Structures are given as C-alpha cells and as structure tokens.
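Chains as they are written, first to last, in the entry's author numbering: chain D, 22 to 353; chain E, 2 to 353; chain H, 1 to 258; chain C, 6 to 335.
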Amino acid sequence: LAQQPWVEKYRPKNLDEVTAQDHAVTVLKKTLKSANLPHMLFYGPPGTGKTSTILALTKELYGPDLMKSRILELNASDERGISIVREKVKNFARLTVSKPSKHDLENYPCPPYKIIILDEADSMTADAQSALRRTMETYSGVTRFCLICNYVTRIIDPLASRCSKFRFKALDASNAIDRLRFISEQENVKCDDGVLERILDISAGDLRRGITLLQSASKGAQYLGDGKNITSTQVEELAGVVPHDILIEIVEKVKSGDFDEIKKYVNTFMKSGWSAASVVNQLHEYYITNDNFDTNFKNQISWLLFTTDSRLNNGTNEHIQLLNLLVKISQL
Amino acid sequence: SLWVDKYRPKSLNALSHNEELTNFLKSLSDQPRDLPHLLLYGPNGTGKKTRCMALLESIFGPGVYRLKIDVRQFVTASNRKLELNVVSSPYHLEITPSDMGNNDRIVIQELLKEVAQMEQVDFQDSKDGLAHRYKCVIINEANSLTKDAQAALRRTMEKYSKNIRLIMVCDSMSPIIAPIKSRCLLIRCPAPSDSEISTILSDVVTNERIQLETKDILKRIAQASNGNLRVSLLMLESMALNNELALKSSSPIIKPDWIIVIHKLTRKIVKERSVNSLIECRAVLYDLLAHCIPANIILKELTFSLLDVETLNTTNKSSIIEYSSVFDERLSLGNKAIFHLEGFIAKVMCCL
Amino acid sequence: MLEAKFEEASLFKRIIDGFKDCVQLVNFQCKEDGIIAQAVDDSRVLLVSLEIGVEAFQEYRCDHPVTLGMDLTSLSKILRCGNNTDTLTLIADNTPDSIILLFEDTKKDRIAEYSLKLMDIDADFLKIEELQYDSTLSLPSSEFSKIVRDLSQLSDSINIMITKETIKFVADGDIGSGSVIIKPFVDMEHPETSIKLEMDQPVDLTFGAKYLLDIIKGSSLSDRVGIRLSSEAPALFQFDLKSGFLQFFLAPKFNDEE
Amino acid sequence: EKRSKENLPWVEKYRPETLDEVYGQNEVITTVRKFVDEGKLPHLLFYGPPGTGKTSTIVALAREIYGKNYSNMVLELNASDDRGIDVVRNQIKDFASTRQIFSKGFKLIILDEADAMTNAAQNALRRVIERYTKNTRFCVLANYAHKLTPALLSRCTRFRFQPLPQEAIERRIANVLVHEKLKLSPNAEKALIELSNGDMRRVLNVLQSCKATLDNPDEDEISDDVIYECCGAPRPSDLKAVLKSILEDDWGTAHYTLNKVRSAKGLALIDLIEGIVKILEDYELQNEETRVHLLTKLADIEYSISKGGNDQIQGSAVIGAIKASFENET
DNA sequence: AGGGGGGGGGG
DNA sequence: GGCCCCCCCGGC
DNA sequence: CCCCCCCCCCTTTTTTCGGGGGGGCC
Ligand SMILES: Nc1ncnc2c1ncn2[C@@H]1O[C@H](COP(=O)(O)OP(=O)(O)OP(O)(O)=S)[C@@H](O)[C@H]1O
Ligand SMILES: Nc1ncnc2c1ncn2[C@@H]1O[C@H](COP(=O)(O)OP(=O)(O)OP(O)(O)=S)[C@@H](O)[C@H]1O
Ligand SMILES: Nc1nc2c(ncn2[C@@H]2O[C@H](COP(=O)(O)OP(=O)(O)O)[C@@H](O)[C@H]2O)c(=O)[nH]1
Ligand SMILES: [Mg+2]
Ligand SMILES: [Mg+2]
C-alpha cells in the first residue's frame, strides 16, 4: 500500500518474483509437485531474499488459510534457549498436521507436513542447537525445519550435515537490475542512464539498500518539483560516498608523507561524518586499480587494508584506525 | 536555564547550519506516510537530536515537545527486578536500552514488541479515539547496544513496519551490524563550520546582552570546539560567567578537568619513563575511570595529546598510533579498561 | 470545605482496587456533582475513566471543584488497615497538601481515621465523546472469572465476538483452542444471573489475556459488567458503581493478516 | 510419518534398517554381529564424526537383537531429552534394575549424543553401569571424546567410525540411482565424492537437489555442471585459472580475472580459498617459510570472512598474501 | 615481602 | 507432596 | 621487668546461561 516502505511494499509474494536465486528457487518449485521437501539451511549475505523466499514458499505450499496453522516461526526476538527448544519446538514438531479444508486441497498442494522456520539461527547457542539434532530426524515425516542464517560457520556441524544447504548469491547490477527497473517504472521514477547501475554497485549485493536509496532519491526529486531526471551525483551524495576530490586530496597528503599534515587533514576530514568503511573501500579501489604502483606496494597495501577492515569490523574508533592506515600507507 | 538549552531550535525552519541536511529532512517530511526507518550518524554535539526533534515536529504537530518520564519494570532469567526510565510523548517514544547494559536485549524483546504488536488510544485529534498513524521510537545511542539486541530488532523493524518507525541516533556506525544498517536509511550529519558556530554564538551574545569588543573572540571558541556546538555554547557561557559578563581579548580558554588530567598524564609519561611512573599512571587512571570517564575517550585523548608533543619524532608517533589502534580493539573486546590502558601506556613508554 | 461521607467504605475500597494495576497516578476532580477521574495508561494504550455520583455517597458536599492527584497505592495502604463497616469521609482544606480520611463509625470506639498525602499530577482536557457503538450489554462477573481463568491457560487471546443471540469467547494457542458461548438467560427466582444486551451490528475484537485477567481481578467491585464494542473505536469494559461506573477503554490488537 | 515414505527426505528415506545396509564400517559391523551372535555384548562407545552411521548402526543392532518390537524394549535418551542427575538417579536406575515387560530379554540403554551430558550425570552413571552389568548393557554415541569423563571412557569398549570410503559411497549412490531411476555421469560421481568429505547426508541432499534441478529426470543424465550449479561450488577449471593468473599474471589482470570468475556464476570467496588451499597443498615448494606464510595468512583471511566484512578487500588480501608468500621462492 | 605476635633462652 | 526462590560451581 | 633468637601467621571479593542443592511459602 501507500503507507508502507518500498522495501516492504515490493517484498516478493510468490516464488516467481525471486530474481537471482534460481538455483534454489527451481528446487523449491519442484518440491511442490514432488512433495519431499527436505530440511533447509538458507545462508548468504544480508539483503538477498531468504526470509522472503521461505515466506513465498510457505504461502504457495499451504495457502493463506493454512499458513497460520502449519508454520511456526521463531527468530532472534524470541527466547530460544535450550529449555525452549526442548519443550516448545519438540511439542510443535511432534504434533499432528492440521486437517486441510476441501477448498485448500482443491486449490493448493497441501503437503502432509508442517514447517518450523528458525530465522537468525546463527544467534542460537551450541547447547540449544544440539537439542534439535534428534528432533528433526525423529519427526521428519510430520515436520520440516528451515534454518536461516548469515554466517554458516555459526551452525554446528551436525545440523549443517542434517540440513540441505542453500547459498544466496549477492545481488549486483548483472542479475538484479531488472527488479530495480521494474520498481522504478511502477513508482514512475525518472532516472538518467546508469543511475540504477550506480545504485546497485554502491549497494554491493544488498537490494534492500538499493531500494531504500531509490526511494530517498525519488522523495528528493518529488520535493524539488523540477521534473529533471535523477543524476548519479545526487545518488552518491545520498549514499555517503566521499567525493573524488576529497579522495584525491587524501592520496596526495599520503604521498607527501608528513605525519603532522596527514594528522591535521584527518582531523579536519573526520568532522564531516564520512564513514570509515566507505573511505577504506574507496582507497582500496583507487590503489588496487591504479597502474602507477609496483607489485610490492600493492602486496603491502592489500594486507594493510585487510587488517584495517578487520579492526573496524569489531566496532572501534574510526579516527584512530583511519589515521593509522593512512600513516602506514604513507610509509610504504 | 543555560543558553545552550534556552536557544535550541524547535523547528526545521529555525536551523542555522547544514542547509542541505535541512532540505533533505524537509523532503523526507513532505510525505511522512512512507518514511522508512532512519539512522542518523555524525560527530557528537552537532545537532542530530535537535534535527530529529525538528523532523518529528514537522511530521506530527507541535505537541511532540510535551515530554514525560515514566518507570518500567523488567524481570530477567534470575527474577531480578530492573528499572528503566522511559521518556515518552503523545506522538513519539524515546528509549536508551544501553542503560541496562547486557540486559538491553530485554527492552527490545519486551517493550518495543509491546508497542508494535497492537494499536493505541488517541482521544485527541481523532473522531473514533483510536490512532490512525504510526509511532516513532527513538533508540538513543544505538552503537552502545549489544549484538543480541540488534539481532532481535532485525525482525521487529520488519514485521511491524507500518505500525512503528525507528529513528536511531549514533556517533559511529562501526558497532552497528550489517543487517541493521541494511534495514535503515542512512543520514549523515556533518559538523557545523567555524563561521556558522561564530554566527550562532554572536546571536546568543546579542540576545543575552554580553559585551564583546571583537567578534574574533567567538572565533577562538570555535577553534577550541573542534566542530562541537554544545561545547562551544557551554564554553561561551562559562567564559561570560567567569569574566563578569564581559569577554576580553586576554580571556583564556576554559578546559574541563578531565582534559587537564589527561594532559598531566601525557606530559608525565613523556618526561618520566619508569615502572614507578607506570604505577603513578595506574593511580591516575583509576582516578579518571572512577568518575564516569569512558575508557575509549581517555584512550583517544591520550593518543592525540601524545601525538601533539613537539619533542617526539615521526617513528615515535607512528609507534604510538599503532599501539593505540591495537589497544582500541583490545578495549572493544575486553571488560577491564585499565588492563588495556596500562598495557598501552607501558608500550608507549617502551617505544619512547 | 469538601466531604464525601460514604455509605460503605468497602465500596470505595473495591472501587480503588478495581483499577490499581492498570494505572497508579490518576487525577480525581471533586465537583459538587461527584468524583470524576480519567488516566491514560503509561503506554498510552488504556484509558481508565471513573465517576462516582453524589447519590452513592451518604453525604457529599463541596464548595469549589478541586483536582487531587493523590496516589492509588497509598490509597490502598491507608484503606487496608480499616475495618469492614464504616463511613469513610474525605475532608480537606483550602490549600491541601494532605487529605484527612475520617473513618467514622456508628460506634464511638471503632474509628481509624488517617491522613493521605497529596501529590501534583498533571491533567489534560481528555474527551470521551460518545460514538455509535455497535453492541453494548451487561452480565455478571462470576462467569467472567470462570471464563477468563479457563481461557488464559490455553492462549493469550480472549477474543470477544458479539452476534445476535450469541456472545462468544475464543482463545486459541499452542495447546489447542477453546470457545465458550453465553446466551440470553433469565431466571425469575434469581434475576441477578441475567444478561441485558442490545446490539446493532456484528462485532469481533481480539483482546489480551493479561489485560482481562487484571480486569477480572478487580471485578469484585461490581457483580455486573458492561461490554461496549464498536468497529473503529476502542471497545470499553465498564464496572457499574452505586451511582456511577468505572470504565476501561482498551485498544484492540493490530491484525497483520487483515 | 504421513502418507508414504516417498514424501520423506532422502536423508531419512534411505536410513538403513538392518546391519547389512551399513557401508564403510566392515570391521565394526562384523565385530558387533559376532558379539550379538554368541551373547558376549559389552558396553559400547561409538565415537565418530557426523554422517558416519553410528545411530543407524545402533538402531539396526537393537532391531536384530530384539526384533520389530525393539522400541518398547530399549531406553533411548538423546540431547533432545532432559538428562540430568535426577533422571540418571531415578529413570535409568529403574530401567536397569527392572525386568522386561513385553518379552524376556536383557535391558538396553542407548545414550545418543552423550557428549552433551553434565559431568554429574556421567559420574552417577558409573555405578549404575558397573552394578547392573549382568542384565543391562550401555551404548554411548559421541562425536567429541573430550566431553566424556575418563571414568566413563574406562568402562566402555571403544569403536571408531571412520569417514566413509570411496567404494561405500559409490555403492550407496548406485543403490539410490536404481531406486530413483536416475543416471549419473562418472565425472559427476567423482565431483560428488570430492565435495562429500565422507558424509552420506551430503551425498543424499546433493543428489536430491540435482534430481529436482533436472528438467525431466526420465531421460536426463546428471553431469558435473549440474552438481556445480546446484551447490554453487567453483569448477576446478575456474580455480586453476584463478591460481594461474595470481601466480604469473600482474595485479590488474589477476584482479580482473578473479572478479570475472566470481561474477560469472556468483561464486563465493571462501570456496575459492578452500579450493586454492587444496590445490597448493600438493605443490612441491622449495622453502618452508613460504608455506608458513600461506597457511597463516589464509587462516587469518578465513577467520575474517567468518565474521563478515568487505569482500573485495578480502579477495585483494588473498591475492596479495599468495603473491608475497610465493615471492620467497625466488 | 612487611609487620605483628607467642615462646624458649639469656639476662 | 508441589512450586517458588536463593546461593554456588564451572579445568584436569 | 627487659632484651634477643625462631618461627608462625595475617596482610583480602565482581561478574553475563545452565544445572544442582536446600530452604521457605503453600
Ligand atoms: N531476491 C530478491 N528479489 C526481490 N527483492 C528482494 C530480493 N532480495 C531482497 N529483496 C528485496 O529487499 C527486501 C528485503 O529482502 P530480505 O528478505 O529481508 O533479505 P534477507 O536475505 O532476509 O536479509 P537478512 O540476511 O535476513 S539481514 C525485500 O522486501 C525485497 O523487496
Ligand atoms: N554407513 C552408512 N551407510 C548408508 N547410509 C549412511 C551411512 N551412514 C550414514 N548414512 C546415511 O546418512 C543418514 C544419517 O546417518 P546417521 O546414523 O544419522 O549418522 P550419525 O553418525 O548418527 O550422525 P551424528 O554422529 O549423530 S551427528 C542415514 O539415514 C543414512 O541414510
Ligand atoms: N542556533 C542553532 N543551534 C543548534 C542547531 N543544532 C544544534 N544546535 C545547538 O547545539 C546543541 C547540541 O546539539 P545536539 O542535539 O545535542 O547534537 P547531538 O548530541 O550530536 O545529537 C543543541 O542543544 C543546540 O543548542 C541549529 O541548527 N541552530
Ligand atoms: Mg530477513
Ligand atoms: Mg545420529
């Protein structure tokens, strides 16, 4: 509706709206007529369409009437301790399947099992996870398990072995452009050539972020009230991308090599609010793609950037990390 | 009331800096029905909370500024009764779950879902008595939340999208997890320029009848604030109160006590490098930490004061910054702040 | 300047006990007509309204309307130490920082008068303008207890449906589902166990286990309840007093599937 | 179950029912058969990695010993159930100290996944095991031996379940193909074994996915391309090309080749790193520190990837680490 | 390690 | 007899 | 009463789930 965000408004409803996950969507569709759906483990980067995919599968399998009575969904917002897993999940799995109505049996396949969707399974403790090993196996004939996670390493080996793994690929401009273009036409958003491709490139495998950026750009254009097409500079500004001029000044200061000047420039730069991750990514792109540096310089800078990114991913101060990275690069 | 609080703007049209951000906020508030979740990030003391309040006032009526404080009771797995101070408004809600430490997740799993799972009674500006809109919840200092709370929020912000909207203000996005960033609309709030800070200070002075011979006075305050506006206003007020409401060209810049203590520590470490000096630094660190001074701020200020020493060379500064970078991550992954501050100080003294 | 000599102090004790859990800080406006109060729940989801008329009090008089934000928990603390049959009065003065509760009795020995502190609670111009509510009825409270306590163990929803000649309580959960239907039933020898019901349009609204359980905890106040359900307005649960009543506007839960 | 067994997943549909259907554990199977054929059945400790067939083996042994009505004559306790000090004290002791109900026989207790049990329960079970040994026997199934107390280990005869050999997996695959009327190319079989890592559950899951992927299983043969598409794993040719470009080509072309290979089929960086590690493990390096640097840097990169982060930076780091490590060869 | 305290030997 | 609540280990 | 060996004994509390024990209401 008009009172919902575009990310939720254009959420897939069926399995035919999934764009770049055909390798698993085809298997899921075949399971509709095969009726032998196994335990599933959906893993991949954020914003790839895993929860949407499982919701669409459950809808197409059961119907809006049987969805409530055949699906049990537990996520990180509910207590999922060992006791909860041993009591509630066990009781639901061991229960008999709800009796479908003639309407549902006529218009839906109505598979003879229920589904438990453990979203954000990577947040569950190992002890709690170990309690499901026999639960899934014993009641496989009446219940099926769907574990959705972002880090596959957080799932214990027995559960990964029991579940069938499904990897969701990143959504880039080469496979997710069609959906973004369709959304743009539906919303009557006018954009210049390459704007959607730039949005998808900035998103880096996150269609939700791209949709949010498109919505923000459309809102800005509507508020402007000029009718001009959306450009790429405005999109970059809305995405927090550092201007190329600032990057040029940064690399020139690094090439200068003076510690005091670099420190002063970093102090001035950090007052603008630019995210450290974006700066590091832009610096990595510029330095790696440049042909004016030798093999050793790139060899060292790659490791330096990797270390800086790893340290930043732990939630540290951006100023200190950025200053250290720039100082190290200047001494390469 | 303090000048920093008495002259706070209460509307989007009253903002005096970052006009582009004001235009973006106005564009967002033009059609607030489809407003996505918002995440404001930028330097501290720039006006992120003021801009959020202005946006809320643009969306709802002026009645967003009538605030109340209530107390909420929570129970943990050990039957431990915890109290949370909730700041509420008829049109919006404000919460700071970090005040409960590792128990912040409970607030996500008990309070927010209570508000988002069902409707509200709106007997004002309505005909039926039931609300026909969404509620905006402001989670202050989202970067301080634990990973579990953010993971719990992941589905909460999605399955109640059109009933509740979240506006999260933070000074850094590094602690924020990728799923939360993906689910939020990023808004960058740059710090005000020196000229804008000087103009605001001049307006305050001329509205408070404060004698000022040269405007350059205010300019210095801006160079002493490093982009912060709240610090600038507080420093102006303190200087006016310390100089009989008359600023002079010879008036010194008033620094807070903790900054002076950190400077003493820095110029004691530089001058003396010994185990006894390290013990005295341990005592100083205990004194600093016992009085509600965050460890990260102490480390940052100590590092940036060491790098400002005119006697140290490039190699010493590089070693100091490398050690600071390592020990910042050590602090982020540790509990005892002094256990890492002492290590950083010892490494710095060794490298000198 | 103001007195509210009660016919029975237990009546006021039950009146206060009926909504102590829902709200704790409520403004009482004491006009010559009687006592009026309306407090918004701290979550801005439940409105506790209440009014006691001049008829209920044994002897009520006032010279100037006054609003007192006096606490409820302290009210219970004061009233719990009292006897059963008495004639509580609420005397005060021109500038009251405290209100003297005169626990008078027919006998001159069983007197337990106390003093209750007053506290400044802000009050707003809340409105309860009537709406064309689809259904409204009244039925005893023992059935409410036997139904709510029964259905709470099976689910967290006490969904109420009001159809012609039918009143349905529905509660579904993990263990199963439970539905209880009550219908117009009048006993000539025992009129108290009767339902007085009038509906205009069908209504169905899902309500919560904790809210109704708390409400029925305080249902000892009135032996009869009052249901009022609409289609777009907050349905209200009322407890009839001697001359007034105690209303509870509770917002219905949001429906995601519809 | 519901309806028929055809609706069950292949992992559960093909669960062995008898002992002769367990493959890859010939020594253990023969030993248990001999034990149960002449009455000398000691306490058993089946230690092994996931997907080896310990639970299936013990279930088949119980069925052979007791028969069809084996579920009512054995006490099966697993991590899904509550196994505390009180449970061991009361229920297990009563089961071990009481005669059979349905028919004459000895008492069997199967503590599956006992590695998730508390130390107090393990200590309590010692005297229960050593006191009712005449009429009761204990079987414990484990994946990690460090979670079991030494006292418990001393009282059980240890049997280790090795990863499934190649021939056993081929035989099971042939049986599954015969049952499902499916055809598999030899290269597809080799790829399946290579990616299987000795787990039969992976074999069954990947085979079911491949069957679902086929346009028409009646007259379509699964090839290596189908397996790679279903699992999304990189092809060996892509790994070889990426390694060649990294080793000999310059930075720009190596980066371009890696990006093109990853974007052609949406490959993941961790699988590429794993394949490169497998390929380089067979390289006859002339120096040791080169291998040390390779291993350390690749482990660091894998650990960083496990926690997320920027993928492009991680790939550049992989390339730089490989180049720097091979620079030491000279 | 530093300081206080109890008990046998000298005084 | 059953909840409900409080204190205390946790590696080999 | 006062002094000198010979040794002994004291210098002291905060903590994230899950399980166990033992006391108190009822
Ligand atoms: N394959 C997709 N096809 C179409 N839209 C998608 C797709 N993936 C994501 N989106 C869009 O982005 C929005 C969010 O998708 P999600 O289902 O939340 O991704 P996700 O994989 O569940 O993210 P995580 O791992 O739980 S943080 C959807 O409502 C869609 O509008
Ligand atoms: N030796 C085997 N022969 C045939 N199939 C096997 C064999 N081992 C495992 N499988 C197959 O994989 C499925 C699961 O085997 P399991 O008995 O559950 O392995 P497991 O050793 O008990 O796993 P863990 O250690 O409890 S995680 C079986 O139903 C079989 O279909
Ligand atoms: N005149 C003026 N003052 C502002 C403005 N924005 C912020 N301020 C002042 O700066 C003070 C601190 O801003 P604050 O909201 O605390 O920033 P935050 O803590 O980073 O979110 C405020 O109390 C205001 O007095 C503005 O736009 N115009
Ligand atoms: Mg999701
Ligand atoms: Mg098993």
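Every residue gets a Cβ at the ideal spot worked out from N, C-alpha and C, and that includes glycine.
In the three-state reduction of the DSSP assignment, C236(C) falls in the helix class, which pools H, G and I. Cβ-Cβ distances below 8 Å link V87(E) to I70, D71, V72, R73, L94, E95, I96 and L112 in the same chain, with the five nearest sequence neighbours on each side left out; the list follows chain order. Across the stretch 99-117 of chain D, CB contacts with chain H closer than 8 Å involve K109, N112 and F113, in sequence order along the chain. Against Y42(E), the close residues of chain D are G261, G294 and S296, in the order they occur along the chain (beta-carbon pairs closer than 9 Å).
For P191(E), no Cβ of chain H is located within less than 8 Å of the residue's own Cβ.
For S182(D) against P55(C), the beta-carbon gap comes to about 4 Å, under 8 Å, which counts as contact. Assigned with DSSP and collapsed to three states, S293(D) falls in helix. Here the distance from the Cβ of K80(D) to the nearest heavy atom of ligand 4 is not below 7 Å. With a threshold of 16 other beta carbon atoms within 10 Å, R61(H) falls short and is exposed.
With contacts defined as CB atoms closer than 8 Å, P33(D) and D35(E) fail to qualify as a contacting pair.
The beta carbon of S99(E) lies closer than 7 Å to those of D105, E142, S145 and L146 in the same chain, with the five residues before and after it left out.
Residue contact with chain D for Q121(E): absent (no Cβ-Cβ distance below 8 Å to any residue of chain D). Contact between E51(H) and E3(H) is ruled out by a C-beta separation of about 18 Å, above the 8 Å threshold. For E141(D), there is no enclosing alpha helix (DSSP H), since its DSSP letter is neither H nor E.
Between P130(D) and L53(D), the C-beta gap is smaller than 8 Å, which places the two residues in contact. Assignment of beta strand (DSSP E) within the stretch 100-149 of chain H, counting only whole runs of 3 or more residues, yields 114-117 and 135-140 in chain order. Rounded to whole angstroms, the separation of the alpha carbons of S230(H) and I223(D) is 50 Å. The beta carbon of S145(H) lies closer than 6 Å to those of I216 in the same chain, with the five residues before and after it left out. Taking 7 Å as the cut-off, the C-beta of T72(D) counts as close to a heavy atom of ligand 4. When the beta-carbon positions are compared, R163(C) and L50(C) come within less than 8 Å of each other. Of the heavy atoms belonging to ligand 5, none sits nearer than 7 Å to the Cβ of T295(C). Within the stretch 58-128 of chain E, the complete alpha helix (DSSP H) segments of 4 residues or longer fall at 105-108 and 114-117, listed in chain order. Only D174 and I175 from the stretch 162-175 of chain H bring a Cβ to less than 9 Å from some Cβ of chain D.
In this structure, the straight-line span from the alpha carbon of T23(C) to that of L95(D) is close to 37 Å. Counting other Cβ atoms within 10 Å of its Cβ, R156(E) reaches 16 or more and is therefore classed as buried. Under the three-state reduction of DSSP, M188(H) is assigned to coil, being neither helix nor strand. Distance from the C-beta of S151(D) to the nearest heavy atom of ligand 2 is not below 7 Å. Counting only residues of its own chain and dropping the five nearest sequence neighbours on each side, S157(H) has a CB closer than 6 Å to the CB of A171 and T206. Rounded to the nearest angstrom, the Cβ distance from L154(E) to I211(E) is 46 Å, too far for a contact under 8 Å. Proximity of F124(E) to chain D, defined by a Cβ-Cβ separation below 8 Å, is not satisfied. Annotation for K216(C) indicates a beta carbon at 7 Å or more from all heavy atoms of ligand 2. Per DSSP, reduced to three states, the secondary structure at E270(D) is helical.
The shortest C-alpha to C-alpha distance from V327(E) to any of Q352(D), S351(D) and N335(D) is the one to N335(D). Around the beta-carbon of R268(E), fewer than 16 other beta-carbon atoms lie within 10 Å, marking it exposed. The alpha carbon of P37(E) has as its nearest neighbour, out of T252(D), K240(D), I136(D) and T337(D), the alpha carbon of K240(D).
Counting only residues of its own chain and dropping the five nearest sequence neighbours on each side, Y71(C) has a CB closer than 6 Å to the CB of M78.
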